[PDB]
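Have a look below at one chain only, the form deposited in one PDB entry, in structure tokens format.
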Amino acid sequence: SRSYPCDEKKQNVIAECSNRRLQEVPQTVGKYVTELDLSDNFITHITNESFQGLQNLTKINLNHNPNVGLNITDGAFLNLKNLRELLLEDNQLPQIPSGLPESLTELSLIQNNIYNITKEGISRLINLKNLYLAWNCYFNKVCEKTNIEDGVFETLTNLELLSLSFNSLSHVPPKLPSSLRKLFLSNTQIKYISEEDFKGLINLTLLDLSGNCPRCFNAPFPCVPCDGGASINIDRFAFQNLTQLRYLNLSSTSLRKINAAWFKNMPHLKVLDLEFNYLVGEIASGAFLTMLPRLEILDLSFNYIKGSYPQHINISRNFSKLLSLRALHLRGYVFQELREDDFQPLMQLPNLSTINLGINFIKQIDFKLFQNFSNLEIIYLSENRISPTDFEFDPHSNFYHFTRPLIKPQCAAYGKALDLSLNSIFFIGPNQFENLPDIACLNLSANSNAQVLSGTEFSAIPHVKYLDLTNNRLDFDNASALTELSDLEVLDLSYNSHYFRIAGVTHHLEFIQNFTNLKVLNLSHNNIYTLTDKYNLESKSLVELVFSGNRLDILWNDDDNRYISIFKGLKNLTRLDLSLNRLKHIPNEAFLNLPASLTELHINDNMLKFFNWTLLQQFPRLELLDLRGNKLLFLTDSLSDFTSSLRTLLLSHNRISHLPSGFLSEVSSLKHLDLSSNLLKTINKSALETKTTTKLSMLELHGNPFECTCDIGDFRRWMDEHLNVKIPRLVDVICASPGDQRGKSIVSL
């Protein structure tokens, strides 16, 4: 049938029931459901009856109930004989619930109020593979020191992952099972790591001891250093028997000195995180660098000496021993100048593909040094000074750094990438790119660049294919701009509105036609409303034009003809975005002059009161039409007369009060119709008049003010009979009248 209140669907069966304002566990769930997600509802109480007839559930998620404490009686879950993954995060739980099923393999209890880790609660769960207990007591939270009953984990003999981070521990719990692979103990106020602490865990691949004896200067959180800001104290033989270790996080442990012999017996170490320490000394001289022959990722970010600004970065020769190194991060070291000889030790590494020098206030760089490298793919120099919920930190993300790729992947994919974003390159000199290697992806966003590009500024790197010049203040006064880059495929000129705003300066966009291979052009949020000389955009190649956040309302205004064909010369164009252009009306001749090659057309978030549906006869490839967030007052009754290509029609956030007789099913093409957040109070039988298939497989109707009287029943039978038409969010397809039905789903009466 049609499931309510959850949306149920099957994979190699999952009832997503989240964020639905549910007051208690709905009882109408399907029977063959394996994975239920009740996250973000308003459930206050779980008992042994809440999931009575669903013994085929292997996964329940009750995270963030009740959002804006959750009461769970003992053994509530005890009957669920297949339950393996139980997620109870962010629930103000005061203790680990009693009587959890011996079946559990995964138990998350992140972001609760649990300070007593106890055998009664945990020792029964001998199938546990992952247990997450992070973030129950941290920062200035009002909470107790955490109590870990002795030997509480030693039963958990297939335990592979244990996370106790952001809890007050003081010391590494004794008696962990040697099954452990991943041990997270970040920000647990442990000052001292003894020889005994992990002697037994011979399978460990990840150890996280970060933020114990933190470096607190400029902490974005309440930060409590060890006494005299001292180093975490790691015993000489603490990592002796950790032969399988692959991931070592030692960020913010106030390290000044690394004991090289710590790495003696972990020659498979792949990822070493050493951010926010005091290692300027160790970076220039460290022995430990010789002990890391398989290391792929080394993170030394934010080791700057406070108030210190050395002229040069000082890199030990021993970096030349890091033969497997793939990515080196050296943000926040802070130094003025980068010279060829400062990086000799890295030049011979065969796999060094990422070098990250973000946020170092670098003033000058000798670009020729990147030339002398095996296979640099990513040169990240963003944010230097080159010149011509309810909690703040995601419990599931890295705490010390953003985890996203450095360069957008769609740019990096083209080849070698140079990111000079967020510098002070306000003008591109004639030699600013001399001695660079053959860059394919270049980022110059947010340099306050205010110049007049003219066909020569990129001569030294003519093979750029993806060029980001967003958030600058370019002065488009020359028609040869960027014409030197004849392989250019993607050009992003978003947020260069500064000069476009000014009537009196010129604005030349002619250079666009000069590329034989330009595919994607983003002119968004430029406030374009007047151009000089040539009023039209032209390209034989261009496939996608993004023109959001401009002033087509002025370009196409009734008293001016000059821009009536503005986009017509884009002969290859399939995708066009005209959103956010304050259009109240589009002149018919202007709509007719959009390229007939369009398959996708967005005019969302404007101000349209009317739309000439007849004009779609001229767009025989048009598959997606998006008119969301306008003021449209009705629809045409003749849609099938005007297109046989349209598959998706998005009409949400408009003012439609009536759906025409023979609308739904007369148009063969249409798969997906979105009428959410309109002014429909019913749907007439006659709009449901049916042909073939109807082909409609998705119809959105949430947010309309349906009159839930016996009038609607025609539509209800229709839904009942056309179960191939997915209606999402049934709990939001709600009745506005009369008062007895007000606020309920239309499906529930």
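Take the two forms, find the largest set of C-alpha atoms that superpose within 1.5 Å, and that set is the rigid core. Start at 1 with the first residue shown and count on from there.
Superposing on the core and measuring CA offsets in 9 other deposited structures of this protein, the stretch of 75-83 and 181-189 with the greater mean deviation is 75-83. In 9 other deposited structures of this protein, superposed by the rigid core, the C-alpha atoms of 560-568 lie farther from the shown form than the other of 190-198 and 560-568.
At least a third of the other compared entries skip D390 while keeping the residues on either side. Per the records, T690 is among the residues left out by at least a third of the other compared entries, whereas the shown structure includes it. Deposited sequence between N12 and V13: 1 to 3 residues lack coordinates. Missing deposited residues between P388 and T389: 10 or more, all without coordinates in the entry. Comparing 341-349 with 508-516, the stretch with the higher mean C-alpha B-factor in the PDB entry is 341-349. For the two regions 208-216 and 90-98, the entry's Cα B-factors average higher over 90-98. Residues shown: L608, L675, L664, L279. Highest C-alpha temperature factor in the entry: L664.
Each of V142, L298, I564, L185 has a CA temperature factor in the record; the biggest one is found at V142. In the deposited entry, the Cα temperature factor of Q410 sits in the bottom third of values across the chain's modelled residues. When all modelled residues of the chain are sorted by CA temperature factor, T530 is found within the lowest third. When the modelled residues of the chain are ordered by their C-alpha B factor, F426 lands in the middle third. The entry lists a Cα temperature factor for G229 that places it in the highest third of the chain's modelled residues. In this PDB entry, the Cα temperature factor of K257 sits in the middle third of its chain's modelled residues.
One more form of this protein exists, namely the form solved in complex with a small molecule; it is left out here, but the text below deals with it.
Of the listed positions (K129, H653, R84, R331), a single one reaches within 4.5 angstroms of the small molecule by any non-hydrogen atom in the entry with it bound, namely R331. Proximity to the small molecule in the entry with it bound, defined as a heavy atom within 4.5 Å, singles out one entry of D605, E296, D674, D626, which is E296. Look at 643-651, 403-411, 675-683, 557-565: in the entry with it bound, residues with non-hydrogen atoms within 4.5 angstroms of the small molecule sit in 403-411. When the small molecule is considered in the entry with it bound, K270 lines it closely, a heavy atom lying within 4.5 Å. Heavy atoms of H658 never reach within 4.5 Å of the small molecule in the entry with it bound, leaving it off the interface. For the chain shown alone, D90 is not a contact residue for the small molecule in the entry with it bound, no non-hydrogen atom being within 4.5 angstroms. The shortest heavy atom separation between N356 and the small molecule in the entry with it bound is within 4.5 Å. Taken together, the three residues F663, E700 and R716 all stay farther than 4.5 Å from the small molecule in the entry with it bound, as judged by their closest heavy atom.
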